[PDB]
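Single-structure report; data block below.
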Amino acid sequence: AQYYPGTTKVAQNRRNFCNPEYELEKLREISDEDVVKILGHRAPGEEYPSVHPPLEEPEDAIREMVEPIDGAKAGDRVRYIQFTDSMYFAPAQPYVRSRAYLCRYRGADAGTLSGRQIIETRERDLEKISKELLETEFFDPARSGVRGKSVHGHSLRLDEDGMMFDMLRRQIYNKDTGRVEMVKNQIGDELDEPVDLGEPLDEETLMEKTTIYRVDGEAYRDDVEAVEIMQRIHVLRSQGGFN
Amino acid sequence: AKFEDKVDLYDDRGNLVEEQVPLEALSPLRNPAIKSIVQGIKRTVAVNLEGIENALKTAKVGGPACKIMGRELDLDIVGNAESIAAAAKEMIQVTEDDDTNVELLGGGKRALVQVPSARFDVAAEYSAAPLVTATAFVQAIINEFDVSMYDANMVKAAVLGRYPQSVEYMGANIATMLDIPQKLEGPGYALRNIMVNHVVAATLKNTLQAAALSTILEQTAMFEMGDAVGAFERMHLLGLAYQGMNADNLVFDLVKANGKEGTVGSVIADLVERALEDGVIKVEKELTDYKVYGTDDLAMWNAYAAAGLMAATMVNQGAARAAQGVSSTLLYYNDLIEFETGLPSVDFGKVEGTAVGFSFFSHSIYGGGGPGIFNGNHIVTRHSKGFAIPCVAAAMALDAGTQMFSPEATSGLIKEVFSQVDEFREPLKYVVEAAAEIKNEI
Amino acid sequence: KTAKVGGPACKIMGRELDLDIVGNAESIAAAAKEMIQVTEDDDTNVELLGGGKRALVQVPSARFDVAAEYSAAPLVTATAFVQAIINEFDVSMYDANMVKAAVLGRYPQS
Amino acid sequence: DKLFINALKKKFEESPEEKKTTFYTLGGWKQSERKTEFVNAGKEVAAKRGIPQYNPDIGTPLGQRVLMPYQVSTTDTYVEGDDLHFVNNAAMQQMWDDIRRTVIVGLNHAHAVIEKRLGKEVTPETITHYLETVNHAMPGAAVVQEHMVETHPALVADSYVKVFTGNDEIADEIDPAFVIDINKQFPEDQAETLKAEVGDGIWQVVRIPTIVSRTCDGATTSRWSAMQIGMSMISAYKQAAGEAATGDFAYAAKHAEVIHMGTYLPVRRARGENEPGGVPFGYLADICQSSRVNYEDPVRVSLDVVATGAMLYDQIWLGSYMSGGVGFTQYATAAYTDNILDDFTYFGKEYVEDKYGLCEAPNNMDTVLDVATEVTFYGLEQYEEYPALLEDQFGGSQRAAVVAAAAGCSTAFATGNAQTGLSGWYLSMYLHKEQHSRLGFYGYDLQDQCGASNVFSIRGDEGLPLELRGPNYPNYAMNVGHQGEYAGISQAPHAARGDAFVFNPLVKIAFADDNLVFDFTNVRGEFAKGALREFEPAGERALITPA
Amino acid sequence: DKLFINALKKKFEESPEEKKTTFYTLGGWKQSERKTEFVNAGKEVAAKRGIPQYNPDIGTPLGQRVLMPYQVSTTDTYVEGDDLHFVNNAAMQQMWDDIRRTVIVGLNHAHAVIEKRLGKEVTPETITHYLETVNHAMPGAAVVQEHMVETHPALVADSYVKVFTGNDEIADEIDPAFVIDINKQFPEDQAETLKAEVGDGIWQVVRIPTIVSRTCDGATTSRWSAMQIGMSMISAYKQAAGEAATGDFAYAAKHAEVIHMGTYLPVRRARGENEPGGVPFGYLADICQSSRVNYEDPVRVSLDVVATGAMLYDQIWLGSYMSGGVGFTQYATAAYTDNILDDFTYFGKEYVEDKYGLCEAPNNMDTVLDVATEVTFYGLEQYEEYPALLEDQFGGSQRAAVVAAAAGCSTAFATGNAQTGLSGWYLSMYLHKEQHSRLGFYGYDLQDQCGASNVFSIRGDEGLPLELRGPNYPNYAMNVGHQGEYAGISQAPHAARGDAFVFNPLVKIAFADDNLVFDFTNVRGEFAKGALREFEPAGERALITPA
Ligand code: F43
Ligand SMILES: C[C@@H](OP(=O)(O)O)[C@H](NC(=O)CCCCCCS)C(=O)O
Ligand SMILES: O=S(=O)(O)CCS
Ligand SMILES: O=S(=O)(O)CCS
Ligand SMILES: [Mg+2]
Ligand SMILES: [Mg+2]
Ligand code: NA
Ligand SMILES: [Xe]
Ligand SMILES: [Xe]
Ligand SMILES: [Xe]
Ligand SMILES: [Xe]
């Protein structure tokens with residue numbers, strides 16, 4: 001699959017996120033316990049609450065052909081993880097996430113907004129996905145944020161440390177260490193022990209990995225082949241609706 | 001036949017049934033089974049005899065939390081259901097041995113009623129089914145117990161509710177699949193104002209049978225709305241065949257090839273391959289490491305893309321066993337396939353647009369609800385002309401119990417009664433057989 | 001011809017289209033009947049009246065055997081005559097919406 | 001003495017029995033303080049705006065007869081009829097606004113979604129936290145997003161959310177500021193009936209701002225309510241601010257467990273929810289709170305409902321929504337002024353009480369023919385013996401409504417059944433028509449002639465118990481002088497029976513609330529207070545306007 | 001300088017180009033004068049009523065960033081966003097009331113019935129006598145019957161009836177107090193177009209009282225109008241007060257020659273006539289009177305329509321009628337604050353003027369692909385170069401609506417056709433979505449994705465010229481950030497062409513009236529006046545309420 005047209009770094013970064021054969025660059029190591037703490041749906045070691053009994057406990061050719069994910073077999077709840085991406089060269093961006101999620105992950109419910117992007121799926125499968133979303137180049141601890149509510153910041157100016165605005169301040173930059181610590185879960189509840197999220201990517205690497213077009217980076221109007229395809233779809237949609 | 005297209009018909013198990021069937025043999029205007037499905041929906045009414053008895057016994061009539069103290073009537077309606085149903089059928093029928101059907105269910109607690117077709121041959125719309133059924137059972141109950149003139153109005157309230165003070169049958173103890181004609185978003189929408197939960201309930205949560213029935217209802221309404229007329233008729237017939245009828249086993253094969261490990265993106269890649277394999281699309285232009293695809297048959301590309309859309313829904317929401325992600329699948333299958341190919345998505349963007357609001361109005365505060373409460377006459381999901389609702393019926397069929405407003409909560413009377421008719425419960429069977437029987441008359 | 005569409009005293013200046021519809025009413029009505037009819041031998045009837053100024057249309061009964069109510073008659077007739085007028089004069093994509101407003105009015109806003 | 005004698009003596013100098021008086025020498029409109037105020041105001045209006053307006057010389061000259069004052073029944077307040085026009089009476093406008101801006105929303109499905117789909121606990125402590133959250137958000141304030149602009153708390157001070165439940169122990173655990181205390185508002189036997197009807201259910205009574213209700217329409221109420229319920233559910237129970245389960249609360253609040261005051265109307269009289277035409281007669285009887293404060297006097301309870309409905313249905317609904325202009329003020333005041341309907345109805349009550357005993361009469365046509373005929377003849381004879389009474393209620397429609405309301409309510413006092421009371425209403429009309437060879441206006445008895453055969457019909461758009469009927473019942477959809485009285489006949493048998501409610505116990509509880517602006521326990525007393533320009537309504541824009 | 005620079009400098013201490021600022025140290029809600037007023041008011045409100053209300057400690061703490069002031073575009077008025085909430089802004093409420101209480105009723109059929117069926121004469125002198133009669137009766141005063149009670153003339157001082165006609169001699173013969181003079185209100189070339197459209201027809205502009213419109217609903221307007229027209233026809237032309245021919249006037253006034261501001265809505269969004277959802281985009285452009293005072297600046301005319309529509313459709317209609325609560329104030333203020341949309345649209349005008357010249361471009365997709373793409377890139381680049389601008393219009397929906405409106409209006413400036421302007425609107429969305437990998441809220445581009453295929457469709461519920469579409473167009477029925485801008489795109493090609501009207505010449509003339517309360521020639525200026533609490537609305541009850 002080609003996934004997306006264009007000849008800029010942005011276009012290639014969008015293809016890289018969508019291509020399941022592209023191995024996402026791992027930038028940090030996060031423990032399983034910290035991921036469960038960041039999600040905030042259950043305490044580490046707490047059993048998965050069930051919305052319905054396990055599947056083993058009707059006749060359908062589709063049901064027999066589509067292998068369910070492990071969380072659906074057990075009857076786990078559908079929980080979420082939600083990210084906010086700064087328009088100042090965050091590596092991932094809202095529509096890039098949803099497009100990439102439905103190429104890479106099974107049983108995914110993705111939603112795109114300007115100030116947030118959410119995926120809902122079975123709880124134990126979300127934890128496996130959230131690990132990759134938090135450890136890889138999908139996430140930057142300064143220009144990106146895990147936010148279940150009060151997501152204001154994607155379009156705001158940065159603070160003195162280069163951190164994106166957060167009404168609840170879930171991610172704290174440490175001036176002494178140069179690393180970001182997550183002091184609350186994505187809904188804003190204080191954690192017992194913060195989770196180290198590593199150092200923010202420098203401005204050189206952000207522009208190398210970002211998927212947003214900007215005039216002070218790579219402008220969308222200069223990626224003439226990408227614009228041409230969007231204009232082509234607009235014209236073909238118009239003609240199809242007429243006849 | 002107006003069109004040259006022919007399709008190979010398959011069953012809900014991926015087995016070939018009939019090869020090279022003209023496209024219009026599946027048309028609602030020609031297929032006798034689709035005619036039997038549409039006419040059956042118009043004339044079928046469920047009567048809750050137990051609910052009527054409980055309403056009369058408690059004087060709880062006319063809407064939620066409503067009661068008139070002092071109006072209680074203790075009538076053994078369920079105990080006398082045989083005599084009551086026999087008297088009602090005598091008033092419902094036009095002549096003896098016509099197609100009037102009255103059957104008791106649940107030991108007399110329920111009643112399946114099918115108003116004779118002769119009443120509809122001289123009627124403008126479909127309201128004769130509940131109105132004749134309600135008044136026949138009201139009269140039958142009154143005659144059975146000799147309810148006095150001063151008490152009979154409570155039997156009327158117990159059966160049909162607060163009508164005509166309310167516009168609807170508010171608090172009634174009868175149910176149909178269609179709603180009152182006043183609630184149509186527009187003329188010709190009546191076959192769309194059928195809740196997805198209603199379809200899933202009476203299909204008994206079979207994915208392919210729910211998908212076929214939803215497509216049958218949606219595309220048949222496209223004929224009544226005038227959308228499937230002239231330049232657009234072939235597009236709607238092709239969409240009916242490939243997306244809802246498993247034409248050429250395309251939906252089935254796509255689901256089979258991506259069922260164990262596949263995603264929406266993997267279903268797209270296989271669908272684009274199949275369209276290129278079958279000559280539906282061809283490389284029109286080459287950009288920098290990007291092939292621009294074109295087609296000389298937009299209606300056929302739309303049908304192929306619509307098949308993969310249904311298959312992507314079955315793969316994505318089937319793996320999760322939760323229907324809620326169907327709004328995401330309907331959106332990004334179409335978003336991804338446009339930048340994958342350079343061709344317009346299903347319904348030329350209208351499925352993607354419908355999915356945007358459907359995602360919103362099923363994950364926010366401003367209205368909507370669960371996927372099962374939507375329908376073609378909902379303001380949120382009326383915009384795509386028959387290509388989006390069938391995927392929701394397939395998704396709700398795969399939901400393993402994650403919905404508060406499931407068909408068991410909003411369509412309980414439908415699941416018990418309307419599923420008993422074999423035409424509605426397994427429509428893929430009869431529509432394929434009927435198309436084969438008329439293949440040489442098209 | 002006057003761009004007076006969509007209700008009483010309504011007009012969109014600059015949208016005027018001069019089409020000789022009545023002069024070609026025979027070809028237009030024949031083209032519409034081809035879209036209104038189900039088969040060549042159903043009970044579809046399209047007749048011109050007043051020298052082509054009017055048209056009597058009877059939508060075939062086969063469409064109502066698979067319809068819930070009666071709105072198929074105006075909706076199928078309206079879109080068949082809209083398409084027939086557009087095909088007759090090759091009305092461009094950018095002007096065709098005026099033919100739709102002239103036939104069916106302000107629906108679906110009203 | 002007859003209850004209307006004092007009012008008649010206040011109106012005219014002659015004795016009530018005198019058949020002669022003098023006309024044409026009263027000075028026209030100059031006899032009236034109110035008309036004089038209007039003439040001076042019309043001059044100022046025309047002068048300020050440069051267009052003629054009120055002019056007593058247009059058309060025919062008002063005031064060739066006595067321009068009567070009216071006694072508001074059950075009070076000693078005497079006003080000119082112009083003071084009872086809904087445009088001139090802020091108490092009447094606020095009564096409708098208080099109904100229009102109210103909706104009842106259950107918490108039972110929502111709490112089930114919280115515990116099952118979200119796996120979180122619901123306790124009286126969480127309900128209190130939610131209620132404190134919703135009473136901040138409901139008037140129009142933010143709880144989640146950053147940089148939100150909000151409504152002025154003083155402009156929306158009348159909007160709030162309360163809850164009630166039949167479980168006394170649960171009710172005592174919720175913060176009492178948010179609880180409608182059934183045990184404090186209703187007498188013992190009524191409170192036990194209502195608490196038994198509600199059971200373990202928890203129901204919200206939501207009132208949106210009057211200023212919004214006046215700016216928008218009735219259909220806004222349930223939507224405005226649902227948005228702020230949904231936001232407060234997100235905040236109080238720590239949901240993601242927009243996930244899949246959030247859609248359940250929206251559907252629950254907008255459709256699943258919502259009780260509208262009025263259902264929507266068909267196209268010819270196109271109107272959304274919470275408009276007067278959608279309010280059934282049973283709801284209107286239950287909105288009126290006379291039942292819980294005058295429960296020993298079923299006549300007083302029934303006639304307070306008549307006053308509620310006559311003003312709403314005839315003056316605001318039929319007199320403005322469906323027509324307009326000068327309106328139907330005196331068409332309605334005939335039913336709640338001068339103690340005229342009171343005298344007629346207290347007669348029928350005593351007649352029924354002595355002959356049958358309340359609710360002891362047979363529920364058949366014999367009781368209808370007896371009670372309705374006796375009360376009708378008594379009522380019509382009062383106009384024949386007191387010429388000042390006949391000149392007071394000068395319109396035949398007025399008289400037909402008052403006489404039949406007494407006959408209908410009395411028949412319902414006897415049978416304990418509202419349907420035979422309705423049959424007595426129409427019999428009263430037929431006897432009235434024959435006695436005086438006249439009835440109402442040109443089209444008064446459309447429903448009245450359809451009446452007898454449709455009382456006990458069971459057909460599609462004909463058969464309904466009176467409690468379920470309303471202004472949208474086909475025969476009733478057009479004409480003045482009926483709907484408000486039908487609401488009184490619906491209240492009549494339940495008031496005599498001692499029932500806590502007529503049709504919906506949740507509606508009855510929803511208006512037993514001291515934080516309402518209009519006092520629904522004293523409807524006629526509120527009408528008099530608004531006529532005297534002493535009523536303080538909500539929704540004014542004075543705070544955001546210059547001095 | 002860019003037109004938005006001044007507003008950005010007033011909002012923040014940093015220069016508009018700076019990418020960094022400081023947060024969290026502003027004191028929360030204490031940074032704002034308005035929030036401080038709300039906190040104090042909520043404390044007083046809660047104490048007075050005994051129920052908690054506004055509480056800044058509920059939910060999340062507002063004010064971690066700068067709580068911005070907003071410049072009302074084309075003015076020098078700076079207010080906090082709460083002052084532009086429709087509940088807090090009496091000018092916004094009065095703008096909608098002036099539309100809701102207005103109806104246009106022809107006199108042409110009525111005068112024909114008088115002369116043919118009644119055999120009586122109609123002259124300019126009789127029309128003046130009728131107009132003097134109707135301006136007494138329309139506010140709620142009697143002309144025929146004895147012992148009528150009337151509305152207080154001071155409470156209904158805003159109700160009146162005027163007439164207009166294209167015949168200068170007929171207009172000059174009617175008393176000028178009742179005449180909307182087309183020659184005085186419109187420039188010459190516009191006046192000739194309107195007078196040619198009206199011809200010898202005589203049309204009434206009826207405005208019923210604001211206090212009634214707020215008490216009732218929009219469907220009251222045409223009924224209230226018809227009642228008082230009929231009574232004045234009976235009085236002025238000496239009919240029997242109720243004969244057969246009287247029925248003709250009623251049907252004429254209620255159906256035959258009546259122009260509603262809004263048509264009724266279907267059941268799901270059940271509403272009668274004259275509600276915002278029924279007002280098509282062409283009517284809204286003609287209601288706005290910027291066209292007759294700013295006819296030399298097609299950008300100024302188009303954006304005054306955007307301001308008119310964004311407030312009504314998003315804040316009142318979608319933000320209250322269809323939802324409610326805190327609402328959609330800033331979803332709409334993005335389109336009429338800080339001169340942002342002005343800067344974007346003046347760019348596209350000059351681009352079109354320099355490259356094509358206004359209305360000289362081909363009406364095809366080539367012009368769409370060129371102008372819409374160029375204007376879109378300009379709009380998005382301003383957010384990229386001015387971080388304060390991106391922090392100002394922080395919501396993606398806000399940005400998508402502003403950018404696409406400029407692209408749509410500019411494309412319409414080029415083609416002189418609103419349908420290609422609409423196509424440019426949706427193209428802007430597609431380019432915007434791909435450039436920033438984001439667009440609007442969760443469900444912003446439902447219509448935006450359906451857009452391209454439905455611009456030139458001809459099918460039943462898909463095909464309509466943009467002037468005929470409105471809030472009931474199926475794709476448009478739900479979502480913010482479109483409807484007000486669609487009205488501006490409807491105005492754009494006619495403003496560039498110099499047309500006197502967009503869709504209905506009678507609607508355009510009917511609001512060229514200085515006796516209106518709201519000044520529709522200066523919509524944004526009126527919004528600023530209401531934000532400063534200096535606007536005096538109609539419909540207040542102060543006269544009938546205690547001090
Ligand atoms: C709970 C929801 C989900 C839903 O159905 N509506 C919400 C909330 C609702 C509430 C918020 C009131 C409160 O705070 O109590 C209100 C005011 C509607 C109401 N009930 O009165 C509203 N949104 Ni929302 N909402 C808005 C917006 C937005 C933008 C904000 C993006 C950002 O980065 O700040 C995003 C959608 C997007 O990503 O594009 C958004 C989301 C959301 N919106 C998320 C909450 C997001 C969060 O947790 O912070 N709104 C806007 O884009 C601007 C206008 C603004 C509206 C208020 C106004 O117009 O003045 C408000 C309109
Ligand atoms: C969707 C539909 O609601 P229901 O799903 O029917 O509850 C519809 N409301 C709306 O469209 C809400 C519009 C305003 C809130 C969203 C603004 S983006 C309506 O009430 O008719
Ligand atoms: O004379 S009519 O009875 O038509 C009018 C009654 S208000
Ligand atoms: O977050 S949502 O887009 O659903 C709400 C927008 S106000
Ligand atoms: Mg008081
Ligand atoms: Mg002024
Ligand atoms: Na109102
Ligand atoms: Xe079904
Ligand atoms: Xe859908
Ligand atoms: Xe009572
Ligand atoms: Xe103009």
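In what follows, chains carry the letters A, B, and so on, assigned in the order in which the sequence lines appear, proteins first and then strands, with residues in each chain numbered from 1. Order of appearance sets the numbers: ligands from 1, and atoms from 1 within every ligand. Heavy atoms only: backbone and side chains are in, while hydrogens, waters and symmetry mates are out.
In this structure, the side-chain contact (heavy atoms from CB on, under 4.5 Å) partners of E:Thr246, at least two apart in sequence or on a different chain, are E:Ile234, E:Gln239, E:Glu243.
Salt bridge status for E:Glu467 with C:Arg15: present, with a side-chain N to carboxylate O gap under 4.0 Å.
The line from CG of B:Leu398 to OG1 of B:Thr207 is 3.5 Å long, rounded to the nearest 0.5 Å.
Below 4.0 Å from some heavy atom of D:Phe441 lie the following atoms of ligand 3, by number and element: 3 (O), 6 (C). The ligand atoms of ligand 3 that sit less than 4.0 angstrom from a heavy atom of D:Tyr331 are 6 (C), 7 (S). Taking a cut-off of under 4.0 Å to the non-hydrogen atoms of D:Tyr442, the atoms of ligand 3 that pass are 2 (S), 3 (O), 4 (O).
Taking the ring centroids of B:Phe361 and B:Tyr366, they lie at or beyond the 6.0 Å cut-off.
Not close to ligand 3: D:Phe328, with no non-hydrogen atom less than 4.0 angstrom away.
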